[PDB]
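Undergrad: In PDB author numbering, the protein residues as written are 216 to 314.
All C-beta atoms, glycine included, are put in the ideal place defined by N, C-alpha and C.
Just dropping this structure here.
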């Protein structure tokens, strides 16, 4: 078999988020979870519905990316829904340099 693991860190800051806009008030979370889940089973971390928007989290960026495009350009409940990578605000945490 193949080695398996090389042992290293490509991306220290791995963030996966999918923001949705133009969501029909009639549409429910289940619809958002199922639609996004259709891509991968047990992939959607959580689904937060909002007035006319919502956010979808994932376990790995890879999955989030797939579900992003796959849906990117879809019409749910008769409405053009969009999916992009949300950019959450944050600041480099301060800690002990030598630890």
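May I ask which residues mark the beginning and end of the beta strand (DSSP E) holding residue 276?
TA: Residue 276 -> not in any beta strand (DSSP E); alpha helix (DSSP H) instead, spanning 276-286.
Undergrad: Measuring only the C-alpha atoms, how far is residue 189 from residue 271?
TA: Since the first residue of the chain shown is 216 and the last is 314, residue 189 is not available in this structure.
Undergrad: Considering only the alpha carbon of each residue, which of 274, 266 and 296 lies closest to residue 229?
TA: Minimum Cα distance to residue 229 is reached at 274.
Undergrad: What first and last residue would you give for the beta strand (DSSP E) that runs through residue 260?
TA: From DSSP, the beta strand (DSSP E) with residue 260 extends over 259-264.
Undergrad: With C-beta atoms as the reference, is residue 279 less than 8 Å away from residue 232?
TA: Their beta carbons are under 8 Å apart, which means residue 279 touches residue 232 by this criterion.
Undergrad: Could you check which residue in 304, 298, 276 and 307 has the C-alpha nearest to that of residue 286?
TA: Residue 286 has its Cα closest to that of 298, out of 304, 298, 276 and 307.
Undergrad: Suppose you measure from the CA of residue 240 to the CA of residue 222; what does that come to, to the nearest Å?
TA: Each residue's Cα considered, the two are about 46 Å apart.
Undergrad: Taking the alpha-carbon of residue 244 as reference, which of 302, 262 and 258 has the nearest alpha-carbon?
TA: Here the closest residue by C-alpha is 262.
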